[PDB]
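> The following block contains the structure, expressed as structure tokens.
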Amino acid sequence: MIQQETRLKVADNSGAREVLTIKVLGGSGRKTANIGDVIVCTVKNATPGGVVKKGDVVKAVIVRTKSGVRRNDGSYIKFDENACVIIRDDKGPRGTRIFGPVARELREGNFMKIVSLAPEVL
Amino acid sequence: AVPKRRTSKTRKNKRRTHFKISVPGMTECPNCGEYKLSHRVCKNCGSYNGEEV
Amino acid sequence: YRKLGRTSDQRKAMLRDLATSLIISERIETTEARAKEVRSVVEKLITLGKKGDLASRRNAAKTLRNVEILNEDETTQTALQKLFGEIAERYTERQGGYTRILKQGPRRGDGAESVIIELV
Amino acid sequence: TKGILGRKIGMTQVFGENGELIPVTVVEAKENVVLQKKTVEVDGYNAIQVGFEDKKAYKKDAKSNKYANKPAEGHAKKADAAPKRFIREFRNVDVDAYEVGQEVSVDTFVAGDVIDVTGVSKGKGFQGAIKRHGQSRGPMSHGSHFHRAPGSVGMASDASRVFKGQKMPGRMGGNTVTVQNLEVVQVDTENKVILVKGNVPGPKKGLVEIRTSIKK
Amino acid sequence: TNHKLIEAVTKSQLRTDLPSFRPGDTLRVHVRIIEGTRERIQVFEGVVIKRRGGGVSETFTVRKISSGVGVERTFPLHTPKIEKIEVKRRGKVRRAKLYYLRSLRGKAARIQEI
RNA sequence: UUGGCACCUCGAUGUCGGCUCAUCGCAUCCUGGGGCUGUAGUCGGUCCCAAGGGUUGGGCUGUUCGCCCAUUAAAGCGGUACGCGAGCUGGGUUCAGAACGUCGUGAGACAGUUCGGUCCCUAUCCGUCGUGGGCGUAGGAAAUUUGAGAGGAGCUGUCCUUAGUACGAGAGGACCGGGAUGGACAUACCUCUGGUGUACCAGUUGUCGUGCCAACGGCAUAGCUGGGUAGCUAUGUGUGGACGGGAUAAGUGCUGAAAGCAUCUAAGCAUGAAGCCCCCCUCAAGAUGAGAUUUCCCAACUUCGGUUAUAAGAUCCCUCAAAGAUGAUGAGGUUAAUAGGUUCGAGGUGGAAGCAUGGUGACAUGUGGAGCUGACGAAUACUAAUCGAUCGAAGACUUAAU
Ligand SMILES: [Mg+2]
Ligand SMILES: [Mg+2]
Ligand SMILES: [Mg+2]
Ligand SMILES: [Mg+2]
Ligand SMILES: [Mg+2]
Ligand SMILES: [Mg+2]
Ligand SMILES: [Mg+2]
Ligand SMILES: [Mg+2]
Ligand SMILES: [Mg+2]
Ligand SMILES: [Mg+2]
Ligand SMILES: [Mg+2]
Ligand SMILES: [Mg+2]
Ligand SMILES: [Mg+2]
Ligand SMILES: [Mg+2]
Ligand SMILES: [Mg+2]
Ligand SMILES: [Zn+2]
């Protein structure tokens, strides 16, 4: 459950370390986003030397949430953290490596390259 | 807030239409014949349901 | 369960007091709602007494008050001893229903429905 | 188009054919009997009157609704049936397909049927505008003395009145509610139960009416 | 019991091939991934931290550390999506719900074996 | 809007902005339907119909405005005492303090600034939201109902396909049609995920008790902590705005004269919007126009107008909950499972006490998924719903037909 001002870890080597959510995309008055949704965010913390810089306004796909997700079979998955991956306009990642597990819902989201790079897909 | 106009006798008594009490729910005690409250011990003889209390 | 116009601790205390007093006197006058709550407490205490084992006795001790009963023979016994002695022996063959409540009518001071609750 | 009366038993779940979790409501719909048959000729409209859940026979000093009174007993004995707890009309059915006295078994519905379910929603007693009408609270701090109030009820000199339909505190629930386009998940004729997909209005033991969904 | 009718209509959903286990036991849950038409088994190995509910509604939760990130999977105990469950290890715990593990990492989070 | 006037109010008509709650207009921001286009397509421009619904979060500033960030189909303009302070706030502004600049000899002053600075009221009437009683509805009753009216709802994105087709040098790229899946909103509901869960279980500190040990109780926010049943719940789970019909608006026409032609119009016949009337959901016969169907009760006495207690039925009183402020509603009242108890379970907790064993000991292990357990399921008259009482028909007249 990601809303404006929620902070998230970046699960990639794009250069951004922590982002703040500026907007949940996908409709007027949409309050919260979950795994597989795209957000506008600003880079609050970055590694020196990265491609993405502090203060950049970027778009990210949420890949892990503490709230988790429910699946049609009545099972659930929940994570210890809220993580997202900075993306380009074509849903491809800005970085080259993904860190930590990702939910399978990204596949239905068509974030195929993120899914492929992820160390584990759950 | 305060009453803008005093209340006429008519209006007051209309309002008091339903302000009243009822006769108690009472029946004759089968033991001693004195009235009692239904489902209560009879205070006259101390009987209830054919036995002394 | 009723709240009986008291906080949780006060209600617990009052129900223990009433249960003990009903064990002692075998019949007590009280308000209707109090009697309808204390009947359950007292009858569960009767159940413990009828079970009779040490664990039952200690469970009962958690609830009963520490009161001394002076018997007719100048002998004394606690409420817990009375419960696990004469009351339990009395109700050995009765399955529940150890109390009855007899409505008496409203009292003068406040109109409360006075009732008698007694064992048996 | 079909119809039946049951009691809400409760909710549970079943696993579908692909393992999907389907929440279901269990409706016990035993002892449905066609008590009366209404026609345009006599009543001005077509409908079947259905009685549900036998109650006990008339007795002299009955004190509750458990025992049928004489009017109800006569009405039911005309249909040859035992007196019933609930009686409701279905106008959505074809009267010519029913006989007075006929049983209405749960088997009239089949798995996959799309249905409207009608009940009386749970009562909530006297409720305020936030709960009853979903209004916004005032601030809880910053000097506010407005938390759960209903807000302005009109304007000023124009209109010097509160309009009908103003939302205010009052009794909540206990209303007839129809939930449309539910689905019959399962019919168990041995237990006389229907498993309906989703949730339906009313408390447990509450009367529910199941009809073929009006929209199609 | 629960309501007789509920139990009667849900009885045939219950599976009988499930090993006994308790919170604190380490499980390997073989889960059927049916992506498209291909079907495969993915194993989730972790500690049982929670079991709740009854009948067909009963659920359980297994916790794992993946790439340094805790992950919890909750399953309906009788879901047909589980091929099987293997009890890999019996843990020694003192309570039904091991929520305190969510806040522990590393050697602090280890469960003693029976 | 800035003003002009000074007609109501100075024995007081609270004043900016915001919050809560809206309501109306249309001069329409989006969506729907059209004409023209310097409309190839995709986009646009302009005008016409159209008010059903919809019409966002933030930064700055008291601000309204306005600018900016990021969205959206869109981020409409106005009225309602610049709607709404006996509904809230009180940041601005025009009380008393103090200070700067300025003016003034001064006291002081300034639509200059700055820091600080008391927002009362138990609702009588109408009004509005709920909820009862009376009488009426030409006998007295129990159910099921028609629907005159009224209220609700009414929004929309994206993607796939048609089709890389029509159109276009190219770039790009459709109408119409067919599918899928979302946002916001509404409603029901607790199986699931969670919250709460003050008479559920467990751990633990201090201290005071139950003579001591052991085991327990009180108080310390429920002492604190870890869990948690029912109920109530959203952020959770379902469902909805679907499909259509009739009449229309702007329009588009057909046939067609006045006016030998022409012409959508005069007569006549079609077609045509998210709009109108329905369709869908809810209330509804005090609809005094008081409707309908099924069933139940039906005698004596009479000044023979009428009366009567009774009937069917419903209550008082009592046990209650799915209902509830109280009434009311609903489950029951011995020919009884209504509640309590009791017994057995579910779910919850997580291994009681006692004893035994192993340790110097703190503890550990066994007996033993143990002990306990509110609300949830079942069974059982053990307790209490006793004994009683009250209300409640005899069916007006006229005409027509039979
Ligand atoms: Mg205390
Ligand atoms: Mg708010
Ligand atoms: Mg306050
Ligand atoms: Mg005056
Ligand atoms: Mg217009
Ligand atoms: Mg004014
Ligand atoms: Mg104003
Ligand atoms: Mg005012
Ligand atoms: Mg101020
Ligand atoms: Mg000077
Ligand atoms: Mg729930
Ligand atoms: Mg439950
Ligand atoms: Mg003390
Ligand atoms: Mg000690
Ligand atoms: Mg003290
Ligand atoms: Zn007497």
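How things are named: the first chain in the structure tokens is A, the next is B, and so on; residues count from 1 in each chain; ligands count from 1 in the order shown.
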With only C-alpha atoms (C1' of nucleotides) and all ligand atoms counted, collect every polymer residue having an atom within 12 Å of ligand 3; state the result as an MDAnalysis selection string.
(chainID D and resid 137:149) or (chainID F and resid 88)
> For the selection just defined, write its residues with N, CA and C atoms (P, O5', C5', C4', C3', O3' and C1' of nucleotides) to a file, as a PDB file, in the first residue's frame.

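Below is the file selection31.pdb, written as the result:
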```pdb
ATOM      1  N   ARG D 137     -15.108  13.302   9.082  1.00  0.00           N
ATOM      2  CA  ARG D 137     -14.968  13.930  10.382  1.00  0.00           C
ATOM      3  C   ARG D 137     -14.442  15.349  10.229  1.00  0.00           C
ATOM      4  N   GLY D 138     -14.652  16.148  11.257  1.00  0.00           N
ATOM      5  CA  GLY D 138     -13.877  17.346  11.420  1.00  0.00           C
ATOM      6  C   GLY D 138     -12.494  17.009  11.926  1.00  0.00           C
ATOM      7  N   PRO D 139     -11.640  18.020  12.019  1.00  0.00           N
ATOM      8  CA  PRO D 139     -10.297  17.784  12.564  1.00  0.00           C
ATOM      9  C   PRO D 139     -10.370  17.228  13.979  1.00  0.00           C
ATOM     10  N   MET D 140      -9.446  16.332  14.306  1.00  0.00           N
ATOM     11  CA  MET D 140      -9.375  15.799  15.659  1.00  0.00           C
ATOM     12  C   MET D 140      -8.525  16.652  16.590  1.00  0.00           C
ATOM     13  N   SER D 141      -7.816  17.641  16.063  1.00  0.00           N
ATOM     14  CA  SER D 141      -6.953  18.504  16.858  1.00  0.00           C
ATOM     15  C   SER D 141      -7.013  19.899  16.252  1.00  0.00           C
ATOM     16  N   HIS D 142      -5.977  20.707  16.456  1.00  0.00           N
ATOM     17  CA  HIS D 142      -5.938  22.084  15.958  1.00  0.00           C
ATOM     18  C   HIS D 142      -7.161  22.884  16.402  1.00  0.00           C
ATOM     19  N   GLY D 143      -7.536  22.726  17.664  1.00  0.00           N
ATOM     20  CA  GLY D 143      -8.605  23.502  18.250  1.00  0.00           C
ATOM     21  C   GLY D 143     -10.006  23.097  17.869  1.00  0.00           C
ATOM     22  N   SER D 144     -10.175  22.026  17.105  1.00  0.00           N
ATOM     23  CA  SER D 144     -11.487  21.673  16.586  1.00  0.00           C
ATOM     24  C   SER D 144     -12.456  21.326  17.717  1.00  0.00           C
ATOM     25  N   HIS D 145     -13.702  21.764  17.571  1.00  0.00           N
ATOM     26  CA  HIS D 145     -14.827  21.259  18.351  1.00  0.00           C
ATOM     27  C   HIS D 145     -15.857  20.656  17.424  1.00  0.00           C
ATOM     28  N   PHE D 146     -15.358  20.012  16.384  1.00  0.00           N
ATOM     29  CA  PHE D 146     -16.180  19.370  15.375  1.00  0.00           C
ATOM     30  C   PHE D 146     -15.459  18.076  15.014  1.00  0.00           C
ATOM     31  N   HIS D 147     -15.965  16.955  15.511  1.00  0.00           N
ATOM     32  CA  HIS D 147     -15.394  15.654  15.201  1.00  0.00           C
ATOM     33  C   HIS D 147     -16.364  14.799  14.399  1.00  0.00           C
ATOM     34  N   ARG D 148     -17.507  14.434  14.980  1.00  0.00           N
ATOM     35  CA  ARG D 148     -18.457  13.523  14.358  1.00  0.00           C
ATOM     36  C   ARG D 148     -19.787  14.179  14.015  1.00  0.00           C
ATOM     37  N   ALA D 149     -19.866  15.507  14.040  1.00  0.00           N
ATOM     38  CA  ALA D 149     -21.102  16.197  13.717  1.00  0.00           C
ATOM     39  C   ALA D 149     -21.415  16.072  12.224  1.00  0.00           C
TER      40      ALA D 149
ATOM     41  P     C F  88     -20.303  26.068  16.214  1.00  0.00           P
ATOM     42  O5'   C F  88     -18.932  25.391  15.811  1.00  0.00           O
ATOM     43  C5'   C F  88     -18.506  24.174  16.399  1.00  0.00           C
ATOM     44  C4'   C F  88     -17.183  23.745  15.833  1.00  0.00           C
ATOM     45  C3'   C F  88     -16.094  24.808  15.825  1.00  0.00           C
ATOM     46  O3'   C F  88     -15.444  24.947  17.070  1.00  0.00           O
ATOM     47  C1'   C F  88     -16.223  23.835  13.694  1.00  0.00           C
TER      48        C F  88
END
```
> Using only C-alpha atoms (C1' of nucleotides) and all ligand atoms, find each residue with an atom at most 8 Å away from ligand 12 and format the answer as a ChimeraX atom specification.
/F:190-191,230
> Dump the neighbourhood of ligand 7 as a ChimeraX atom specification: all residues within 9 Å, distances computed on only C-alpha atoms (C1' of nucleotides) and all ligand atoms.
/F:81-84
> Would you mind listing the residues within 10 Å of ligand 4, counting only C-alpha atoms (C1' of nucleotides) and all ligand atoms, as a PyMOL selection string?
chain F and resi 9+11-12
> For chain A, which residues have at least one atom within 8 Å of chain E, if we go by only C-alpha atoms? Write them as a ChimeraX atom specification, please.
/A:73-81,99-101,119-120
> If the limit is 9 Å from any atom of ligand 9, counting only C-alpha atoms (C1' of nucleotides) and all ligand atoms, which residues qualify? Return them as a VMD selection string.
chain F and resid 90 to 93 117
> Just need the residues of chain F within 10 Å of chain A, counting only C-alpha atoms (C1' of nucleotides), so spit them out as a PyMOL selection string.
chain F and resi 56-58+69-75+156-158+182-184+192-194+235
> Name the residues, by chain letter and number, that sit within 9 Å of ligand 8 using only C-alpha atoms (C1' of nucleotides) and all ligand atoms, and give them as a PyMOL selection string.
(chain D and resi 155-156) or (chain F and resi 84-87)
> Go ahead and save the residues from that selection, with N, CA and C atoms (P, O5', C5', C4', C3', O3' and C1' of nucleotides), as a PDB file, in the first residue's frame.

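Resulting contents of selection_12.pdb:
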```
ATOM      1  N   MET D 155     -28.550  26.648   4.282  1.00  0.00           N
ATOM      2  CA  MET D 155     -27.706  27.811   4.040  1.00  0.00           C
ATOM      3  C   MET D 155     -27.970  28.992   4.972  1.00  0.00           C
ATOM      4  N   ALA D 156     -28.961  29.816   4.640  1.00  0.00           N
ATOM      5  CA  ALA D 156     -29.222  31.042   5.390  1.00  0.00           C
ATOM      6  C   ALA D 156     -30.659  31.474   5.094  1.00  0.00           C
TER       7      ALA D 156
ATOM      8  P     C F  84     -23.170  32.580   4.633  1.00  0.00           P
ATOM      9  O5'   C F  84     -23.283  31.144   5.293  1.00  0.00           O
ATOM     10  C5'   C F  84     -24.459  30.725   5.964  1.00  0.00           C
ATOM     11  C4'   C F  84     -24.295  29.335   6.516  1.00  0.00           C
ATOM     12  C3'   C F  84     -23.120  29.138   7.459  1.00  0.00           C
ATOM     13  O3'   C F  84     -23.448  29.507   8.779  1.00  0.00           O
ATOM     14  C1'   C F  84     -23.123  27.421   5.831  1.00  0.00           C
ATOM     15  P     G F  85     -22.681  30.685   9.539  1.00  0.00           P
ATOM     16  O5'   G F  85     -21.355  29.998  10.079  1.00  0.00           O
ATOM     17  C5'   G F  85     -21.415  28.837  10.885  1.00  0.00           C
ATOM     18  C4'   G F  85     -20.822  29.086  12.247  1.00  0.00           C
ATOM     19  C3'   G F  85     -21.622  29.983  13.178  1.00  0.00           C
ATOM     20  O3'   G F  85     -22.585  29.255  13.901  1.00  0.00           O
ATOM     21  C1'   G F  85     -19.297  30.540  13.245  1.00  0.00           C
ATOM     22  P     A F  86     -24.030  29.854  14.217  1.00  0.00           P
ATOM     23  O5'   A F  86     -24.566  28.853  15.318  1.00  0.00           O
ATOM     24  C5'   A F  86     -23.912  28.743  16.568  1.00  0.00           C
ATOM     25  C4'   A F  86     -24.881  28.424  17.675  1.00  0.00           C
ATOM     26  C3'   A F  86     -25.731  27.178  17.496  1.00  0.00           C
ATOM     27  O3'   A F  86     -25.032  25.985  17.798  1.00  0.00           O
ATOM     28  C1'   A F  86     -27.095  28.952  18.217  1.00  0.00           C
ATOM     29  P     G F  87     -25.479  24.592  17.149  1.00  0.00           P
ATOM     30  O5'   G F  87     -25.498  24.872  15.586  1.00  0.00           O
ATOM     31  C5'   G F  87     -24.364  25.375  14.899  1.00  0.00           C
ATOM     32  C4'   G F  87     -23.360  24.286  14.637  1.00  0.00           C
ATOM     33  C3'   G F  87     -21.914  24.728  14.618  1.00  0.00           C
ATOM     34  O3'   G F  87     -21.404  24.934  15.924  1.00  0.00           O
ATOM     35  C1'   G F  87     -22.315  23.326  12.774  1.00  0.00           C
TER      36        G F  87
END
```
> May I have the residues within 6 Å of residue D:53 as a PyMOL selection string, using only C-alpha atoms (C1' of nucleotides) and disregarding those fewer than 4 positions away in the same chain?
chain D and resi 31+84-85
> Keeping only N, CA and C atoms, write the selected residues to a file as a CSV table (one decimal), in the first residue's frame.

```csv
chain,number,residue,atom,x,y,z
D,31,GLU,N,-38.2,-27.4,2.9
D,31,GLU,CA,-39.6,-27.2,3.3
D,31,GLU,C,-40.2,-25.9,2.6
D,84,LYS,N,-46.4,-22.5,7.7
D,84,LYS,CA,-45.1,-22.1,7.3
D,84,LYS,C,-44.7,-20.9,8.1
D,85,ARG,N,-43.4,-20.7,8.3
D,85,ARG,CA,-42.8,-19.6,9.1
D,85,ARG,C,-42.8,-18.4,8.2
```
> Using DSSP assignments from the backbone, pull out every residue in chain B that falls under helix (DSSP H, G or I) and give it to me as a PyMOL selection string.
chain B and resi 9-18
> Go ahead and save the residues from that selection, with N, CA and C atoms, as a PDB file, in the first residue's frame.

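Written file, result.pdb:
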```
ATOM      1  N   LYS B   9     -51.558  26.885  27.405  1.00  0.00           N
ATOM      2  CA  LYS B   9     -52.153  25.779  28.146  1.00  0.00           C
ATOM      3  C   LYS B   9     -52.533  24.631  27.225  1.00  0.00           C
ATOM      4  N   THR B  10     -53.152  24.953  26.092  1.00  0.00           N
ATOM      5  CA  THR B  10     -53.560  23.936  25.135  1.00  0.00           C
ATOM      6  C   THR B  10     -52.371  23.105  24.675  1.00  0.00           C
ATOM      7  N   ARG B  11     -51.313  23.774  24.218  1.00  0.00           N
ATOM      8  CA  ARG B  11     -50.141  23.076  23.708  1.00  0.00           C
ATOM      9  C   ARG B  11     -49.487  22.230  24.794  1.00  0.00           C
ATOM     10  N   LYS B  12     -49.368  22.771  26.005  1.00  0.00           N
ATOM     11  CA  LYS B  12     -48.787  22.006  27.103  1.00  0.00           C
ATOM     12  C   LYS B  12     -49.589  20.733  27.381  1.00  0.00           C
ATOM     13  N   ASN B  13     -50.914  20.847  27.439  1.00  0.00           N
ATOM     14  CA  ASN B  13     -51.727  19.685  27.778  1.00  0.00           C
ATOM     15  C   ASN B  13     -51.740  18.660  26.646  1.00  0.00           C
ATOM     16  N   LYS B  14     -51.753  19.124  25.396  1.00  0.00           N
ATOM     17  CA  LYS B  14     -51.541  18.222  24.273  1.00  0.00           C
ATOM     18  C   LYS B  14     -50.242  17.448  24.437  1.00  0.00           C
ATOM     19  N   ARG B  15     -49.146  18.147  24.736  1.00  0.00           N
ATOM     20  CA  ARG B  15     -47.882  17.447  24.926  1.00  0.00           C
ATOM     21  C   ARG B  15     -47.974  16.432  26.054  1.00  0.00           C
ATOM     22  N   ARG B  16     -48.748  16.733  27.092  1.00  0.00           N
ATOM     23  CA  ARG B  16     -48.849  15.845  28.242  1.00  0.00           C
ATOM     24  C   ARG B  16     -49.849  14.720  28.024  1.00  0.00           C
ATOM     25  N   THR B  17     -50.520  14.705  26.871  1.00  0.00           N
ATOM     26  CA  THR B  17     -51.367  13.582  26.474  1.00  0.00           C
ATOM     27  C   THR B  17     -50.811  12.223  26.908  1.00  0.00           C
ATOM     28  N   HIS B  18     -49.561  11.924  26.563  1.00  0.00           N
ATOM     29  CA  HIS B  18     -48.973  10.620  26.856  1.00  0.00           C
ATOM     30  C   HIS B  18     -48.179  10.564  28.158  1.00  0.00           C
TER      31      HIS B  18
END
```
> Quick one: residues within 7 Å of stretch 90-104 of chain C, only C-alpha atoms (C1' of nucleotides), excluding same-chain residues fewer than 2 positions away - as a ChimeraX atom specification?
/B:39-41 /C:39,43,50,86-88,113-120 /F:341-342,382-384
> Check the DSSP output for the backbone and give back, as a ChimeraX atom specification, the residues of chain B in strand (DSSP E or B).
/B:26-28,35-37,47-48,51-52
> Could you list the protein, DNA and RNA residues that have any atom within 12 Å of ligand 5, counting only C-alpha atoms (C1' of nucleotides) and all ligand atoms, and write them as a PDB file with N, CA and C atoms (P, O5', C5', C4', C3', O3' and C1' of nucleotides), in the first residue's frame?

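Generated file (part_2.pdb):
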```pdb
ATOM      1  P     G F  25     -31.478  23.835 -11.613  1.00  0.00           P
ATOM      2  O5'   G F  25     -30.745  25.175 -12.040  1.00  0.00           O
ATOM      3  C5'   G F  25     -31.430  26.414 -12.105  1.00  0.00           C
ATOM      4  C4'   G F  25     -30.607  27.439 -12.834  1.00  0.00           C
ATOM      5  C3'   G F  25     -30.046  27.002 -14.179  1.00  0.00           C
ATOM      6  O3'   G F  25     -30.992  27.180 -15.218  1.00  0.00           O
ATOM      7  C1'   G F  25     -28.322  27.959 -12.875  1.00  0.00           C
ATOM      8  P     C F  26     -30.869  26.369 -16.592  1.00  0.00           P
ATOM      9  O5'   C F  26     -29.474  26.826 -17.188  1.00  0.00           O
ATOM     10  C5'   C F  26     -29.264  28.155 -17.641  1.00  0.00           C
ATOM     11  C4'   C F  26     -27.883  28.305 -18.208  1.00  0.00           C
ATOM     12  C3'   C F  26     -27.593  27.368 -19.378  1.00  0.00           C
ATOM     13  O3'   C F  26     -26.815  28.020 -20.374  1.00  0.00           O
ATOM     14  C1'   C F  26     -26.025  27.001 -17.645  1.00  0.00           C
ATOM     15  P     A F  27     -27.482  28.472 -21.754  1.00  0.00           P
ATOM     16  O5'   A F  27     -26.270  29.129 -22.543  1.00  0.00           O
ATOM     17  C5'   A F  27     -25.674  30.328 -22.079  1.00  0.00           C
ATOM     18  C4'   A F  27     -24.169  30.257 -22.060  1.00  0.00           C
ATOM     19  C3'   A F  27     -23.567  29.208 -21.146  1.00  0.00           C
ATOM     20  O3'   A F  27     -22.273  28.845 -21.621  1.00  0.00           O
ATOM     21  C1'   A F  27     -23.292  31.403 -20.212  1.00  0.00           C
ATOM     22  P     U F  28     -21.988  27.357 -22.142  1.00  0.00           P
ATOM     23  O5'   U F  28     -21.768  26.494 -20.826  1.00  0.00           O
ATOM     24  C5'   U F  28     -20.592  26.630 -20.033  1.00  0.00           C
ATOM     25  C4'   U F  28     -19.763  25.368 -20.041  1.00  0.00           C
ATOM     26  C3'   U F  28     -19.196  24.984 -21.404  1.00  0.00           C
ATOM     27  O3'   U F  28     -17.946  24.332 -21.237  1.00  0.00           O
ATOM     28  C1'   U F  28     -20.589  23.255 -20.632  1.00  0.00           C
ATOM     29  P     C F  48     -23.349  28.703 -29.969  1.00  0.00           P
ATOM     30  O5'   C F  48     -24.286  27.525 -30.478  1.00  0.00           O
ATOM     31  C5'   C F  48     -25.287  27.753 -31.458  1.00  0.00           C
ATOM     32  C4'   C F  48     -26.022  26.485 -31.797  1.00  0.00           C
ATOM     33  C3'   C F  48     -26.498  25.666 -30.617  1.00  0.00           C
ATOM     34  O3'   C F  48     -27.660  26.187 -30.004  1.00  0.00           O
ATOM     35  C1'   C F  48     -25.484  24.241 -32.186  1.00  0.00           C
ATOM     36  P     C F  49     -27.927  25.908 -28.448  1.00  0.00           P
ATOM     37  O5'   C F  49     -28.280  24.361 -28.370  1.00  0.00           O
ATOM     38  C5'   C F  49     -29.456  23.849 -28.970  1.00  0.00           C
ATOM     39  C4'   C F  49     -29.576  22.363 -28.768  1.00  0.00           C
ATOM     40  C3'   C F  49     -29.550  21.870 -27.333  1.00  0.00           C
ATOM     41  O3'   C F  49     -30.795  22.018 -26.681  1.00  0.00           O
ATOM     42  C1'   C F  49     -28.143  20.518 -28.657  1.00  0.00           C
ATOM     43  P     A F  50     -30.857  22.406 -25.132  1.00  0.00           P
ATOM     44  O5'   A F  50     -30.111  21.205 -24.412  1.00  0.00           O
ATOM     45  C5'   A F  50     -30.602  19.877 -24.482  1.00  0.00           C
ATOM     46  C4'   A F  50     -29.605  18.918 -23.898  1.00  0.00           C
ATOM     47  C3'   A F  50     -29.087  19.289 -22.521  1.00  0.00           C
ATOM     48  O3'   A F  50     -29.999  18.923 -21.501  1.00  0.00           O
ATOM     49  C1'   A F  50     -27.275  18.682 -23.919  1.00  0.00           C
ATOM     50  P     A F  51     -30.100  19.759 -20.139  1.00  0.00           P
ATOM     51  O5'   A F  51     -28.740  19.432 -19.389  1.00  0.00           O
ATOM     52  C5'   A F  51     -28.465  18.126 -18.893  1.00  0.00           C
ATOM     53  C4'   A F  51     -28.084  18.160 -17.440  1.00  0.00           C
ATOM     54  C3'   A F  51     -29.093  18.825 -16.514  1.00  0.00           C
ATOM     55  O3'   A F  51     -29.050  18.220 -15.222  1.00  0.00           O
ATOM     56  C1'   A F  51     -27.071  20.047 -16.483  1.00  0.00           C
ATOM     57  P     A F 249     -37.879  17.268 -31.597  1.00  0.00           P
ATOM     58  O5'   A F 249     -36.584  17.699 -30.793  1.00  0.00           O
ATOM     59  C5'   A F 249     -36.680  18.531 -29.650  1.00  0.00           C
ATOM     60  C4'   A F 249     -35.327  19.042 -29.242  1.00  0.00           C
ATOM     61  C3'   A F 249     -34.423  19.493 -30.374  1.00  0.00           C
ATOM     62  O3'   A F 249     -34.732  20.802 -30.814  1.00  0.00           O
ATOM     63  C1'   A F 249     -33.203  18.142 -28.860  1.00  0.00           C
ATOM     64  P     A F 250     -34.763  21.150 -32.376  1.00  0.00           P
ATOM     65  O5'   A F 250     -33.233  21.364 -32.727  1.00  0.00           O
ATOM     66  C5'   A F 250     -32.445  22.272 -31.981  1.00  0.00           C
ATOM     67  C4'   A F 250     -30.986  21.943 -32.104  1.00  0.00           C
ATOM     68  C3'   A F 250     -30.469  21.762 -33.516  1.00  0.00           C
ATOM     69  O3'   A F 250     -30.155  23.003 -34.119  1.00  0.00           O
ATOM     70  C1'   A F 250     -29.707  19.984 -32.149  1.00  0.00           C
ATOM     71  P     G F 275     -29.332   9.430 -19.653  1.00  0.00           P
ATOM     72  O5'   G F 275     -29.437  10.962 -20.051  1.00  0.00           O
ATOM     73  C5'   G F 275     -29.088  11.995 -19.147  1.00  0.00           C
ATOM     74  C4'   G F 275     -29.690  13.306 -19.580  1.00  0.00           C
ATOM     75  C3'   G F 275     -31.211  13.346 -19.565  1.00  0.00           C
ATOM     76  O3'   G F 275     -31.704  13.712 -18.283  1.00  0.00           O
ATOM     77  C1'   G F 275     -30.420  14.099 -21.669  1.00  0.00           C
TER      78        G F 275
END
```
